[PDB]
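In: once you've seen the sequence and the experimental structure below, I've got questions.
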Amino acid sequence: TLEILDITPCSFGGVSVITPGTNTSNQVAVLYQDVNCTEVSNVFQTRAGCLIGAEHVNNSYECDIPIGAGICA
Amino acid sequence: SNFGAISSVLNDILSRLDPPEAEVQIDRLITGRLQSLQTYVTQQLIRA
Amino acid sequence: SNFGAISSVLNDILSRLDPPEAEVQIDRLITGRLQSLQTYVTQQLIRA
Amino acid sequence: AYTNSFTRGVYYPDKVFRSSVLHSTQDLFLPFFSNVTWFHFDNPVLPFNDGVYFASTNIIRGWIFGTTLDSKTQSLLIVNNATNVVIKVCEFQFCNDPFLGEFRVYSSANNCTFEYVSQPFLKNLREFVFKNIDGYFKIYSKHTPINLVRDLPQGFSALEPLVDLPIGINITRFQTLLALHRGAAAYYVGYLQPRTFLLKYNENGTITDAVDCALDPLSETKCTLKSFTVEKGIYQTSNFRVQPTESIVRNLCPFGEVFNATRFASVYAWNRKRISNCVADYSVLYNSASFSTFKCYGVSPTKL
Amino acid sequence: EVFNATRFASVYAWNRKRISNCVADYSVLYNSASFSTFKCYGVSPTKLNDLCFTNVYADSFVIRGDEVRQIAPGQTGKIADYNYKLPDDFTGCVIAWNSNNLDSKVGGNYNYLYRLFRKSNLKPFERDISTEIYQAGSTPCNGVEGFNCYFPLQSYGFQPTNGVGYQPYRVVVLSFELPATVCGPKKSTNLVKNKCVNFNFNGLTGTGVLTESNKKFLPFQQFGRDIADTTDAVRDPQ
Amino acid sequence: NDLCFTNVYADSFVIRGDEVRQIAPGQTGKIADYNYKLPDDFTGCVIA
Amino acid sequence: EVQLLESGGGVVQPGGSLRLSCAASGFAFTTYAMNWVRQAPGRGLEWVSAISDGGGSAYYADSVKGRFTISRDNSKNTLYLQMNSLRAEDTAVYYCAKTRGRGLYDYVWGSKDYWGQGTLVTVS
Amino acid sequence: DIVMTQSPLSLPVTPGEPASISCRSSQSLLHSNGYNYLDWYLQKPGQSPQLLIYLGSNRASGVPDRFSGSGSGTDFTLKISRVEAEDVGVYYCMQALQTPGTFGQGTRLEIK
Ligand SMILES: *[C@@H]1O[C@H](CO)[C@@H](O)[C@H](O)[C@H]1NC(C)=O
Ligand SMILES: *[C@@H]1O[C@H](CO)[C@@H](O)[C@H](O)[C@H]1NC(C)=O
Ligand SMILES: *[C@@H]1O[C@H](CO)[C@@H](O)[C@H](O)[C@H]1NC(C)=O
Ligand SMILES: *[C@@H]1O[C@H](CO)[C@@H](O)[C@H](O)[C@H]1NC(C)=O
Ligand SMILES: *[C@@H]1O[C@H](CO)[C@@H](O)[C@H](O)[C@H]1NC(C)=O
Ligand SMILES: *[C@@H]1O[C@H](CO)[C@@H](O)[C@H](O)[C@H]1NC(C)=O
């Protein structure tokens, strides 16, 4: 066809959990690193990847579980 | 870099060769790429 | 870990093999274990 | 029938003693919180699919195993007789109504290959694991006094190997074996998948609990951390990637002047044609009914 | 009954003998001037009398002498791709000897038979008996042979007249998988306690000191390991 | 023609046209083990 | 190269037995199908029996169910036809003839490319 | 079964002239695969019969090119372009569908 195309690698990345300790609770959140997750609950898209299973809130706290880019659980 | 193998790209030597010689060629590529990665990690540790 | 040799344990491949090909198997095991110990010593130097 | 088997389906993966150690093993296991099928005379046909977990709560006596369960292939038929067990890997006829009539499920023993006799297997809960690997057929069992027979009872139990069977047979579908008697009993069937578990060995040398490593994302951290009490933080567990689908791939030689030519030459005055720098279609050469003789050496006719 | 068996099967439908729970004498096999090919992978032929394995398979068929080469780990050709496939991590060994006076006759022996035609390369240790014909052309044969419709099975044509490479060569494959049960003779001496000895417990070689174990085992457990392939405890096999 | 040696040995015998393959380092057989064994570090050349 | 040999078949008292043996020389007798044919002097042919590979599948014509006994040896490459309750109308030229058929829909009683040499059975 | 018919039975054909031979079937011999199942044979006097055409159309082994079969369904026809003294024989027809292998009555070809 003599068209010109582009090759961008399809999405990869590490998955990473958010756990508050097993002796505290059993719920976890899951972070998918650098995914614009329209594709594979509560969803939150940050610069540090998009977060599945964590509740977005408005008020701020001195936080303990880091995620990245100023967002922390 | 070939690291002394037949060809640096993985899929061509997996294609045009039988599996028994291809294991040796893949092994050579793994040793070269792994040692390059370890060199990068050690330099990064010292720089950190 | 086998490191590509036919068995990880040293004495089994010493037991079941003639020296001309056991020389190959022992050589590949020595290469892998020397690489592992050198990685350990380098990381202990940075930690120290 | 949809039922929830809680934690069952775990056995000793090898014959090797371990004590006071966490161990992650990948083998054929029943997944945690699985959809086991509840079957309640009436015993439907159900396939193997590489490993079956059978749990039951005394008219239930045995199992038949095979591919056709008939003369077309060899088959296995393991039955208790309240003193020992008989294990035939003989060849049987059709078993249209599998029951002990004095018996009829043992149809006929023509041609037949293997025999074994061993110890018998003998509310209660007797749970079993059957699988084939490497030409073998391995069995695991344990019996446990329970009381929640109305549903699936909770607990932990480890299963020990009983006997090994040197068979090497094509098995794909099987039955339980209840004789035609005219009490209501129930048996549960689980299926096994190649999933990795992390087992905790005790000071007795026994399994106390485990984690199903593809069950929930928390148990992946327990896999990659080799522990059961995960400390608070963020844990890099594994990677992922989207897998590629529907893989894509992106002059004619003058054969008509060689084959469909008018005048050829004698065998002393035979002709050559050198042919180079074209694209050669041998599929037209091969797909012709005129060629009474087709032979060559050093190459394949289809793969030219 | 494996070697001096009266009839060997054809290479597409070769016969398997399971060997277990006996003592094998490999001196008569290496010490024979009859076997042309005796080449062993993973083991040495000399030290086979001191190795002890869980189970041994014996695979028997007849090929022409020119393609005994193909019965090897990681070989290609016709017999290796379609009839008989050995994996690349093969443990055990293949042997052969000439059998012109038993399997080739005047007029050609058309009993021994091989597959030439198959759509795909064969899996190792998974061998087929199927007789459905092969469609190499575009027209669906629908179970009718003819043009572009070949039956995938045909004979070898064993003549006594033909050369040494075309004679029928009976190939017997031995395979060893490493609770060991099949092993040759050695004096199983007495256990020596509380001393630094060179143990050989049912093939599990090594050195160390031997005391009793106070820790409780289970009747199915042969030996014990704590962490990273270290043999902590053992049972005597007698 | 270019290499000089401290000592050069020549060994001569007659075997069968099959058993030429045994006369090599790291080989087994009747000639290779019971009649003429070459060492593994053989620095030499064989003519038949 | 490929040819078929027969043996037996001659003067026989009716109501008894006879033997006819068919040995093959140059084909793959395990893979090829096999068939049986009766031909009287003065009228053409009649199929009587057929067998598939390895025994197992044995078929008979309308007048000969039970009267004829068929058997096969894959080792010595011999075809047999054991004979029972002979009749005067069974005086016919009996000979073994092979079939192509090796496909799924090739129908072992069907296309028979070679025919055997031939012998005459006289039931009198 | 299949009531079979070969007509006409006695065929005096001048050598060098074409000859048309037919066999008729009560039931359709067209199978689900689209192929024809009826086979054409010749018996020499004193020599064992041969398969001439299998499946209505194709080369049986050793058969010369001027022998050709035709037809579909029930009405099939065997044709020879040129008849010689080696073409004398009695022409049969056999099916392959049902259990009894039904033969034809035999079409005697004669030289004038
Ligand atoms: C995700 O992709 C859509 C598609 O164009 C785009 O509109 C959106 O801005 C993207 N989101 C991020 C965070 O990049
Ligand atoms: C957080 O604040 C934004 C600011 O406008 C508002 O739109 C949003 O609804 C708030 N979220 C909740 C949960 O109140
Ligand atoms: C059980 O089977 C064994 C097998 O031989 C037999 O000896 C025994 O008599 C049987 N007992 C009963 C009660 O069927
Ligand atoms: C069993 O043996 C008989 C006796 O020859 C034989 O006819 C039959 O085909 C055999 N069946 C199987 C399944 O091998
Ligand atoms: C077992 O038999 C089934 C027939 O249902 C077949 O699909 C499968 O390929 C067979 N497996 C082996 C290993 O022969
Ligand atoms: C297991 O070990 C414990 C202590 O290690 C002991 O008290 C107990 O008796 C053992 N046996 C069991 C639970 O069967």
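Out: Sure thing, it's come through. Numbers count the residues shown, from 1 in each chain, chains lettered A, B, ... in the order given. Ligands and ions are numbered 1, 2, ... in the order given.
In: which ones are touching whatever residue of chain A ends up closest to chain H?
Out: Chain H sits closest to residue A:1 of chain A, with a gap of 39.9 Å, by CB to the nearest CB. All C-beta spots, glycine's among them, are computed from the backbone N, C-alpha and C. Listed by CB atoms under 8 Å, 6 or more residues apart in numbering or on different chains, the contact set of residue A:1 is empty.
In: can you show me the strands along chain A?
Out: Here chain A has its strands, by DSSP state E, at A:12-19, A:29-32, A:43-46, A:49-52, A:66-68, A:71-72.
In: quick one, which of these gets closest to chain B.
Out: The nearest among the strands of chain A, by CB to the nearest CB, is strand A:12-19 at 16.7 Å.
In: count of residues packed around residue 27?
Out: In the absence of a named chain, chain A is used. 11 (other CB atoms under 10 Å in any protein chain shown).
In: oops, I was thinking of chain H
Out: Residue H:27 has 13 neighbours, counted by other CB under 10 Å.
In: wait, it sits on residue H:102?
Out: No - assessed by CB atoms under 8 Å, residue H:27 is found out of contact with residue H:102, at 10.4 Å.
In: what's the residue closest to the geometric middle of chain H?
Out: The residue lying closest to the centre of chain H (CA atoms, centre = their mean) is residue H:40, at 3.4 Å.
In: do you know how far that residue is from ligand 5?
Out: 39 Å (CB to the nearest ligand atom, to the nearest Å).
In: now residue A:24
Out: Distance from residue A:24 to ligand 5, by CB to the nearest ligand atom: 51 Å.
In: show me what contacts the closest residue in space to that residue that isn't next to it in sequence?
Out: Nearest in space to residue A:24, with sequence neighbours left out and distances taken as CB to CB, 6 or more residues apart in numbering or on different chains, is residue D:232 at 6.9 Å. By CB under 8 Å, 6+ apart, the residues touching residue D:232 are A:19-21, A:24, A:64-65.
In: tell me which of those is nearest to chain D?
Out: The shortest approach to chain D among the contacts of residue D:232 belongs to residue A:21, at 3.8 Å (CB to the nearest CB).
In: hmm, that closest one is touching residue D:235, no?
Out: No - counting by CB under 8 Å, residue A:21 does not reach residue D:235; the two are 11.5 Å apart.
In: which residue of those two possesses the greater neighbour count?
Out: residue D:235 (19 against 12).
In: now do the same contact list for that one.
Out: Counted by CB under 8 Å, 6+ apart, residue D:235 has contacts A:16-17, A:19, D:221, D:224-225.
In: then residue E:119?
Out: For residue E:119, the contacting residues are residue E:134, by CB under 8 Å, 6+ apart.
In: mind checking the SS state of the residue found closest to residue G:97 once you drop the neighbours it is linked to in the chain?
Out: Nearest residue to residue G:97, sequence neighbours excluded (CB to CB, 6+ apart): residue G:115, at 4.2 Å. What DSSP: H, G, I helix; E, B strand; the rest coil gives for residue G:115 is coil.
In: residue B:23 now?
Out: Classified using three-state DSSP, residue B:23 is helix.
In: run a quick neighbour tally on the residue lying closest to it once chain neighbours are set aside.
Out: Nearest residue to residue B:23, sequence neighbours excluded (CB to CB, 6+ apart): residue E:88, at 7.4 Å. Residues contacting residue E:88 under the criterion other CB under 10 Å number 14.
In: next one: residue D:133
Out: A count of nearby residues for residue D:133, using other CB under 10 Å, gives 11.
In: what is the nearest residue to it once chain neighbours are set aside paired to in the beta sheet?
Out: The shortest distance from residue D:133 to any residue other than its chain neighbours is 7.5 Å, reached at residue D:28 (CB to CB, 6+ apart). Taking DSSP bridges, one obtains residue D:194 as the residues bridged to residue D:28.
In: surely residue D:28 touches residue D:131?
Out: Yes - using CB under 8 Å, residue D:28 is in contact with residue D:131, at 5.6 Å.
In: who does the strand or helix carrying residue D:174 touch, helix- and strand-wise?
Out: Assigned by DSSP states H and E, residue D:174 belongs to strand D:173-178. Under the contact definition 3 or more CB pairs under 8 Å, 6 or more residues apart in numbering or on different chains; DSSP states H and E, strand D:173-178 sits against strand D:46-47, strand D:60-66.
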